[PDB]
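query-v5.tsv (TSV, C-alpha atoms) appears below.
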```tsv
chain	number	residue	atom	x	y	z
A	1	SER	CA	35.26	-26.98	95.13
A	2	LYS	CA	35.21	-23.27	95.91
A	3	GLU	CA	32.57	-23.69	98.58
A	4	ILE	CA	33.82	-26.54	100.78
A	5	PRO	CA	37.61	-26.33	100.34
A	6	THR	CA	40.04	-28.84	101.71
A	7	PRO	CA	41.92	-26.65	104.19
A	8	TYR	CA	45.40	-25.27	103.79
A	9	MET	CA	47.51	-26.94	106.47
A	10	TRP	CA	50.72	-25.21	107.50
A	11	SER	CA	54.18	-26.69	107.98
A	12	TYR	CA	56.44	-26.13	110.95
A	13	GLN	CA	59.89	-24.64	110.71
A	14	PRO	CA	62.07	-26.12	113.47
A	15	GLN	CA	65.03	-23.81	112.88
A	16	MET	CA	63.51	-20.35	112.44
A	17	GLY	CA	60.29	-21.12	114.25
A	18	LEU	CA	58.21	-19.31	111.63
A	19	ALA	CA	55.55	-20.85	109.40
A	20	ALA	CA	57.10	-22.76	106.52
A	21	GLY	CA	54.38	-21.90	104.01
A	22	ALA	CA	51.17	-23.84	103.89
A	23	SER	CA	49.97	-26.53	101.53
A	24	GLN	CA	46.67	-28.07	100.47
A	25	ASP	CA	45.64	-30.95	102.71
A	26	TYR	CA	46.40	-33.94	100.51
A	27	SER	CA	46.66	-36.71	103.06
A	28	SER	CA	43.24	-36.99	104.66
A	29	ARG	CA	40.91	-36.99	101.65
A	30	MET	CA	38.18	-39.58	101.33
A	31	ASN	CA	38.05	-41.47	98.05
A	32	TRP	CA	34.41	-40.64	97.41
A	33	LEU	CA	34.76	-41.18	93.65
A	34	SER	CA	33.17	-44.64	93.96
A	35	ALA	CA	29.99	-43.36	95.62
A	36	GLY	CA	26.49	-42.47	94.49
A	37	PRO	CA	24.28	-39.61	95.66
A	38	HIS	CA	23.42	-40.78	99.19
A	39	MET	CA	27.06	-40.53	100.32
A	40	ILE	CA	28.65	-37.74	98.26
A	41	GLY	CA	26.13	-35.48	99.94
A	42	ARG	CA	27.25	-36.98	103.24
A	43	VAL	CA	31.00	-36.67	102.58
A	44	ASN	CA	30.49	-33.01	101.67
A	45	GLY	CA	28.52	-32.75	104.91
A	46	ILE	CA	31.64	-33.88	106.79
A	47	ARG	CA	34.14	-31.49	105.24
A	48	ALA	CA	31.63	-28.70	105.85
A	49	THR	CA	31.99	-29.48	109.57
A	50	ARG	CA	35.79	-29.50	109.69
A	51	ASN	CA	35.66	-26.22	107.80
A	52	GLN	CA	33.43	-24.93	110.60
A	53	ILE	CA	35.31	-26.50	113.52
A	54	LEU	CA	38.52	-24.94	112.19
A	55	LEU	CA	36.78	-21.56	112.15
A	56	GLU	CA	35.45	-21.91	115.70
A	57	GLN	CA	38.93	-23.05	116.73
A	58	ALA	CA	40.75	-20.19	114.98
A	59	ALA	CA	38.80	-17.68	117.07
A	60	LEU	CA	39.22	-19.37	120.44
A	61	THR	CA	42.92	-20.07	120.14
A	62	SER	CA	44.92	-18.01	117.63
A	63	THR	CA	46.22	-14.53	118.37
A	64	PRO	CA	44.35	-11.90	116.32
A	65	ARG	CA	47.00	-10.43	114.04
A	66	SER	CA	47.12	-8.91	110.58
A	67	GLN	CA	50.12	-10.63	108.98
A	68	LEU	CA	49.56	-14.34	109.25
A	69	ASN	CA	53.02	-15.94	109.09
A	70	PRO	CA	54.87	-12.88	110.42
A	71	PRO	CA	58.67	-12.86	110.10
A	72	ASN	CA	59.45	-11.33	113.52
A	73	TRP	CA	57.15	-11.97	116.45
A	74	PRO	CA	56.84	-9.33	119.19
A	75	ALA	CA	58.02	-9.90	122.74
A	76	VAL	CA	54.65	-10.05	124.49
A	77	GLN	CA	52.93	-12.47	122.09
A	78	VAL	CA	55.53	-15.21	122.66
A	79	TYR	CA	55.47	-17.55	125.67
A	80	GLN	CA	58.22	-16.59	128.10
A	81	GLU	CA	59.73	-18.60	130.96
A	82	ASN	CA	59.52	-16.96	134.41
A	83	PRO	CA	60.39	-19.51	137.12
A	84	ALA	CA	60.67	-18.77	140.82
A	85	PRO	CA	63.55	-16.59	142.06
A	86	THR	CA	66.37	-18.95	143.01
A	87	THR	CA	66.69	-18.94	146.80
A	88	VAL	CA	70.40	-19.54	147.42
A	89	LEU	CA	71.41	-20.79	150.88
A	90	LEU	CA	74.75	-19.21	151.72
A	91	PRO	CA	76.67	-21.63	153.99
A	92	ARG	CA	78.91	-19.42	156.16
A	93	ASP	CA	78.71	-15.63	156.37
A	94	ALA	CA	82.35	-14.49	156.28
A	95	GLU	CA	81.80	-11.21	158.14
A	96	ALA	CA	82.68	-13.00	161.40
A	97	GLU	CA	84.41	-16.06	159.91
A	98	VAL	CA	87.55	-14.27	158.72
A	99	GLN	CA	87.96	-13.04	162.31
A	100	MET	CA	88.04	-16.66	163.52
A	101	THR	CA	90.97	-17.61	161.28
A	102	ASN	CA	92.88	-14.44	162.18
A	103	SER	CA	92.51	-15.46	165.82
A	104	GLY	CA	94.58	-18.48	164.82
A	105	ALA	CA	92.17	-21.36	164.26
A	106	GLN	CA	92.48	-23.03	160.87
A	107	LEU	CA	89.18	-24.39	159.65
A	108	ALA	CA	88.32	-27.65	157.93
A	109	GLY	CA	85.40	-29.85	157.05
A	110	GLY	CA	82.16	-28.58	155.61
A	111	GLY	CA	73.32	-24.07	163.46
A	112	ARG	CA	75.15	-24.45	160.16
A	113	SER	CA	78.36	-23.62	162.01
A	114	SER	CA	78.98	-23.51	165.75
A	115	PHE	CA	81.35	-20.54	165.96
A	116	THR	CA	78.95	-18.15	164.26
A	117	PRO	CA	75.25	-18.07	165.22
A	118	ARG	CA	73.86	-16.29	162.15
A	119	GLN	CA	73.28	-17.59	158.63
A	120	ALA	CA	72.02	-15.25	155.91
A	121	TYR	CA	70.70	-16.45	152.57
A	122	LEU	CA	69.96	-14.40	149.46
A	123	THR	CA	67.55	-14.64	146.54
A	124	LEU	CA	68.08	-13.46	142.98
A	125	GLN	CA	66.12	-13.22	139.75
A	126	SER	CA	66.04	-16.38	137.62
A	127	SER	CA	64.45	-15.00	134.44
A	128	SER	CA	66.34	-13.52	131.51
A	129	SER	CA	67.45	-9.90	131.46
A	130	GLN	CA	65.34	-9.25	128.35
A	131	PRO	CA	62.29	-11.16	127.12
A	132	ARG	CA	62.52	-13.16	123.93
A	133	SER	CA	61.49	-12.12	120.42
A	134	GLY	CA	61.82	-13.46	116.91
A	135	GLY	CA	60.45	-16.94	116.53
A	136	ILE	CA	57.89	-19.09	118.26
A	137	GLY	CA	58.44	-22.58	119.60
A	138	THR	CA	56.77	-25.86	118.78
A	139	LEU	CA	53.96	-25.66	121.34
A	140	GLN	CA	53.15	-22.15	120.18
A	141	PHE	CA	52.80	-23.58	116.66
A	142	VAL	CA	50.57	-26.26	118.14
A	143	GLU	CA	48.48	-23.46	119.64
A	144	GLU	CA	48.48	-20.95	116.81
A	145	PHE	CA	48.52	-21.67	113.06
A	146	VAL	CA	45.41	-23.84	112.90
A	147	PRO	CA	44.78	-25.02	109.29
A	148	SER	CA	43.52	-21.95	107.48
A	149	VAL	CA	40.25	-22.72	105.68
A	150	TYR	CA	40.45	-20.54	102.58
A	151	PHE	CA	37.00	-19.95	101.04
A	152	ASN	CA	36.49	-18.82	97.42
A	153	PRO	CA	40.15	-19.48	96.81
A	154	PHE	CA	42.53	-17.22	94.88
A	155	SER	CA	39.77	-14.85	93.85
A	156	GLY	CA	41.21	-11.36	93.82
A	157	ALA	CA	43.90	-8.87	93.01
A	158	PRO	CA	47.63	-9.68	93.05
A	159	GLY	CA	48.92	-8.86	96.50
A	160	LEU	CA	45.43	-9.40	97.90
A	161	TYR	CA	46.06	-13.16	97.82
A	162	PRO	CA	47.69	-14.81	100.81
A	163	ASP	CA	51.25	-14.64	99.52
A	164	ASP	CA	52.65	-16.58	102.49
A	165	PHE	CA	50.95	-19.78	101.35
A	166	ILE	CA	53.86	-20.02	98.88
A	167	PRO	CA	56.48	-21.95	100.88
A	168	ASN	CA	59.31	-19.79	99.52
A	169	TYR	CA	58.09	-16.26	100.23
A	170	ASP	CA	59.82	-13.67	102.40
A	171	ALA	CA	57.18	-11.81	104.37
A	172	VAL	CA	59.03	-8.48	104.31
A	173	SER	CA	60.57	-8.53	100.85
A	174	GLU	CA	57.64	-9.29	98.45
A	175	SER	CA	60.09	-11.73	96.84
A	176	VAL	CA	61.76	-15.14	97.04
A	177	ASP	CA	65.35	-14.68	98.08
A	178	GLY	CA	66.21	-17.44	95.66
A	179	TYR	CA	69.60	-18.82	94.64
A	180	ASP	CA	71.09	-15.37	95.34
B	1	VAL	CA	94.94	-71.73	118.09
B	2	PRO	CA	94.22	-68.19	119.34
B	3	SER	CA	90.91	-66.97	118.02
B	4	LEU	CA	88.66	-63.91	117.96
B	5	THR	CA	84.89	-64.16	118.20
B	6	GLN	CA	82.51	-63.19	115.41
B	7	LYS	CA	78.80	-63.11	116.20
B	8	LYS	CA	75.90	-62.00	114.02
B	9	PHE	CA	72.22	-62.81	114.18
B	10	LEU	CA	69.79	-64.25	111.68
B	11	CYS	CA	66.16	-63.30	111.25
B	12	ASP	CA	63.86	-64.17	108.37
B	13	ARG	CA	60.14	-64.37	107.46
B	14	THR	CA	59.36	-61.06	109.17
B	15	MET	CA	60.33	-57.43	109.08
B	16	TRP	CA	61.26	-54.81	111.63
B	17	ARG	CA	58.61	-52.37	112.72
B	18	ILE	CA	58.89	-49.05	114.55
B	19	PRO	CA	55.58	-47.86	116.03
B	20	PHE	CA	54.71	-44.18	116.15
B	21	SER	CA	53.60	-44.13	119.79
B	22	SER	CA	55.67	-42.41	122.47
B	23	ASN	CA	56.83	-45.43	124.49
B	24	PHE	CA	56.81	-47.56	121.28
B	25	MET	CA	53.98	-49.66	122.69
B	26	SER	CA	50.89	-50.68	120.72
B	27	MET	CA	47.92	-49.40	122.74
B	28	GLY	CA	45.39	-49.21	119.93
B	29	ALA	CA	44.84	-48.59	116.23
B	30	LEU	CA	45.56	-44.90	116.60
B	31	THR	CA	48.63	-43.97	118.61
B	32	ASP	CA	49.56	-41.43	121.26
B	33	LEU	CA	51.50	-39.09	118.98
B	34	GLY	CA	49.08	-39.88	116.14
B	35	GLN	CA	45.98	-38.18	117.52
B	36	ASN	CA	48.10	-35.33	118.90
B	37	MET	CA	47.02	-31.82	117.96
B	38	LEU	CA	50.43	-31.72	116.31
B	39	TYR	CA	50.75	-33.80	113.08
B	40	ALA	CA	46.98	-33.56	112.54
B	41	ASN	CA	46.86	-29.81	111.93
B	42	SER	CA	50.40	-29.33	110.64
B	43	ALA	CA	52.62	-30.92	108.01
B	44	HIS	CA	56.11	-32.34	108.52
B	45	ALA	CA	58.46	-33.65	105.86
B	46	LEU	CA	60.94	-36.27	106.96
B	47	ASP	CA	64.51	-36.73	105.82
B	48	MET	CA	65.46	-40.31	106.81
B	49	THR	CA	68.65	-42.22	106.30
```

How does this structure look as structure tokens?
Amino acid sequence: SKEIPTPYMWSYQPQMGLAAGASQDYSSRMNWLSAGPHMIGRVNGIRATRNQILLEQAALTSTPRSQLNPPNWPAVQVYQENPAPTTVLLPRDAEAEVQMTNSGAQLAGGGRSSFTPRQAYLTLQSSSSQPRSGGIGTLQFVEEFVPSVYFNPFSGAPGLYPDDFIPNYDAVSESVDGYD
Amino acid sequence: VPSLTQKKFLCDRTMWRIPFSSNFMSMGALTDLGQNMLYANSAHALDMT
């Protein structure tokens, strides 16, 4: 009961990207009620492994932070997207091409051109101007927010409980912004 | 007489099924998206119609 708890699994928010408040795992339980002593000490020996795998997974994978389910993620702790700088091939450098038309030759069609020998091409940055904050994606929620195994559950002062397990709770208001 | 077509189908004795795998192909008891790290650590309500 208190010692081998069925772990609190989270729920994903697709819109905000935050954690949608966790819930007790109620869809993987064995029905050990029809079992004598040689198996109900084996079933409890199984849950005591997934409550130890989930603690040796929470250290390898999750970011060490204070506020689990934070409302506003920082910039550096969110996966960014930095592709290669987009190498743009400029076709015809017009520093000597506008002289060709002013000589009288109208151009058409379209090295790269025969009248000019040179061909410059520029590169430019392909990332965003500012990195992204406020909300993690789906694969970040695959990575972080492993099911939190909560031992000796709800055993303390008010406010000392995990208040974000309530799937209605604002993390920076100490309150449900309810119907108003 | 001029005439417009009207075609339906008829199926009985069986029911539609939509498998949970990615390419909708049955490659085992468990599926591809089933034993994903997603849906086995996290919870997801669905809102069908």

Spatial neighbours of residue A:5, max dist 8 Å, only C-alpha atoms, sep filter under 4 positions, as a PDB file with C-alpha atoms, in the frame of the given file:
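Contents of part_32.pdb, as written:
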```
ATOM      1  CA  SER A   1      35.260 -26.980  95.130  1.00  0.00           C
ATOM      2  CA  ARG A  47      34.140 -31.490 105.240  1.00  0.00           C
ATOM      3  CA  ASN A  51      35.660 -26.220 107.800  1.00  0.00           C
ATOM      4  CA  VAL A 149      40.250 -22.720 105.680  1.00  0.00           C
ATOM      5  CA  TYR A 150      40.450 -20.540 102.580  1.00  0.00           C
ATOM      6  CA  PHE A 151      37.000 -19.950 101.040  1.00  0.00           C
TER       7      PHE A 151
END
```

Could you tell me which residues of chain B sit within 12 Å of chain A when counting all atoms listed in the file, and give me the result as a list in words?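 Per the criterion, chain B yields residues 36, 37, 38, 39, 40, 41, 42, 43, 44, 45 and 46 of chain B.
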
Those same residues, written as a short mmCIF file (atom, residue, chain, number, x, y, z; two decimals), in the coordinates of the input with C-alpha atoms?
```cif
data_model
loop_
_atom_site.label_atom_id
_atom_site.label_comp_id
_atom_site.auth_asym_id
_atom_site.auth_seq_id
_atom_site.Cartn_x
_atom_site.Cartn_y
_atom_site.Cartn_z
CA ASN B 36 48.10 -35.33 118.90
CA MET B 37 47.02 -31.82 117.96
CA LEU B 38 50.43 -31.72 116.31
CA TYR B 39 50.75 -33.80 113.08
CA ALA B 40 46.98 -33.56 112.54
CA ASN B 41 46.86 -29.81 111.93
CA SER B 42 50.40 -29.33 110.64
CA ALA B 43 52.62 -30.92 108.01
CA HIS B 44 56.11 -32.34 108.52
CA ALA B 45 58.46 -33.65 105.86
CA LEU B 46 60.94 -36.27 106.96
#
```

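Take atom CA of residue A:166 and atom CA of residue A:69: the distance between them is 11.0 Å.
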
For stretch 28-39 of chain B, what centre and edge lengths in Å (one decimal) does the axis-aligned box get once 6 Å is added on each side of all its listed atoms, as lines of an AutoDock Vina configuration file?
```
center_x = 48.2
center_y = -40.5
center_z = 117.2
size_x = 18.7
size_y = 29.5
size_z = 20.2
```

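Near residue A:74, within a cut-off of 12 Å and counting all atoms listed in the file, sit the residues residues 63, 65, 70, 78, 79, 80, 131, 132, 133, 134, 135 and 136 of chain A, with same-chain residues fewer than 4 positions away left out.
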
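One distance worth recording is that between atom CA of residue A:153 and atom CA of residue A:44, which is 17.3 Å.
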
Correct to one decimal, the distance atom CA of residue A:88-atom CA of residue A:124 is 7.9 Å

Please return as a list in words every residue within 7 Å of (73.8, -16.2, 158.9), taking into account all atoms listed in the file and the file's own coordinates.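 Applying the cut-off with all atoms listed in the file, one gets residues 92, 93, 117, 118, 119 and 120 of chain A.
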
Shell around residue B:31 at 9 Å using only C-alpha atoms, local window under 6 positions removed, as an MDAnalysis selection string: chainID B and resid 19:22 25
